[PDB]
């Protein structure tokens, strides 16, 4: 009795604790592979035998679905999250409020904005989308420090290679080394939503019981503990 979950990077800590518990209360081992949702959707398209896939956006779930790789009837939106600007924990930067008059250059002071790569990384695509609506994207696009996932973007900031980054609400929570300094207004981007689905061919009673457990009160308590919103 062994389950494989492919989950967005941002779910690392939450998923590891759900797994350790599930094995404790159910005796089934859940082993996770974490990465950009783009990379994971691509692996699944390419035949990777994941049992479940949780994406950090709808876009990469839609992708896996339109490639016939998903048991589509099972797709549900599981989580919500906020999009935030982090600075390193030692930074003197204070909280501020984001709007179309936020002077991103002055805050950056010759530094880069750490982001998931907006070409594919959901955190980056949300960020691009907020920055465009805010009217700040053409100023910012040549000034990015892109990473291969939202964990890479966080780490640029932890290490002080970038003064600011855009990550999720939840990412600042699992990180000793950065502090949230602003939250994007919800009206600046598409809702950050995390769909889950059973991978095509893997809809069996063992996998179903874990899929049901991700909406269980034990998983809920952990998700919330890590700063996710429950759907």
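Numbering follows the first chain given and starts at 1.
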field: Higher-scoring stretch by recorded Cα B factor average, 96 to 104 or 68 to 76
entry: 96 to 104
query: Would 33 to 41 or 202 to 210 have the larger average of its C-alpha temperature factors, as given in the entry?
result: 202 to 210
- request: Give the position of residue 52 by CA B-factor within its chain, expressed as the lowest, middle or highest third.
  value: lowest
query: Where does residue 143 sit by CA temperature factor within its chain: lowest, middle or highest third?
result: middle
- prompt: According to the PDB entry, is the CA B factor of residue 165 in the bottom, middle or top third of its chain, that is, lowest, middle or highest?
  reply: middle
query: If you rank every modelled residue in this chain by C-alpha B factor, which third holds residue 133: lowest, middle or highest?
result: highest
field: Chain-wide C-alpha B factor ranking for residue 121, given as lowest, middle or highest third
entry: lowest
